[PDB]
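There is one chain below, alone, in structure tokens, taken in the form deposited in one PDB entry.
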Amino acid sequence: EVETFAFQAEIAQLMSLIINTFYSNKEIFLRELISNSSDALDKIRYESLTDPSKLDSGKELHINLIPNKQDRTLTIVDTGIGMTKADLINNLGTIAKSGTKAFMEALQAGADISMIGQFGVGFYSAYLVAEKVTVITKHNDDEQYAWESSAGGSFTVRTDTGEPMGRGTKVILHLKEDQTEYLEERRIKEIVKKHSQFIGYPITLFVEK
């Protein structure tokens, strides 16, 4: 049972901008996604202070970066608060309509695409490097869902079964054929060190066979 949804016109327009604009500094997508994980981890961290049972779905708060050269995927996984189905449908928990407007206004006032995170829509920077993005998420007391989109105006949502996560979000980037540098260990390490070096949770870069 796969449900198909239309992006709001403003989000479709943001995605088309990200896909079509000539913009060489694509590596900022990873900072944006790690920032989103850090925010999600802060949320579960705060909820747990008054309700420790919120960590029954896993106490460890951290981020994993998993490259897979066979599948041409880079996956960013966190054990943050996760998203409900309604959050996924509502622009993955973002204020993307107003954020898109602000980002567009900023761009005409001298901003560039690397400032996208300032407008709360950094997730969509994934489309600088990915042809398809799959988001698997599990929030306490909701079921596990998979969102997916290859842009083009629409996204799908379905329940995800097998490979349960205890809690959090996994962003699976199916990379564009010419963006495979982002599976190389030395390149990912460089980007994490350049742009994510003060994130307050462990970031483990997985090794490949």
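Residues that one form lacks are left out of the comparison. In this text, rigid core is short for the largest set of C-alphas that superpose within 1.5 Å between two forms. One-based numbering along the sequence shown.
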property	result
Residue stretch of maximal mean CA temperature factor, 71-79 vs 100-108	100-108
Stretch exceeding the other in mean C-alpha B-factor - 40-48, 155-163	155-163
Most elevated Cα B-factor in the entry, residues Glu27, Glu177, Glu148, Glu32	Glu177
Per the PDB entry, maximal CA B factor within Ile136, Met115, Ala126, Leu88	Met115
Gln144, C-alpha B-factor rank within chain (lowest, middle or highest third)	middle
Third of the chain, ranked by Cα B-factor, where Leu55 sits	highest
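The discussion below concerns the form deposited with a small molecule bound, not included here.
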{"query": "Contact test in the deposited bound form: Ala130 vs the small molecule, heavy atoms, 4.5 Å", "finding": "no"}
{"query": "4.5 angstroms heavy atom contact with the small molecule in the deposited bound form for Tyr182", "finding": "no"}
{"query": "4.5 Å heavy atom contact, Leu74 to the small molecule in the deposited bound form", "finding": "no"}
{"query": "Core-superposed comparison between the shown form and the other one: the option from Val129, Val133, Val77, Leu92 whose CA moves 2 angstroms or more", "finding": "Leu92"}
{"query": "Note on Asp112-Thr94 C-alpha separation in the deposited bound form, which departs from the shown form by 3 angstroms or more", "finding": "farther"}
{"query": "Closer or farther in the deposited bound form: C-alpha pair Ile66, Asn91 (3 angstroms or more)", "finding": "farther"}
{"query": "Regions of at least 3 residues displaced between the shown form and the other one by 2 angstroms or more (CA, core superposed)", "finding": "90-94"}
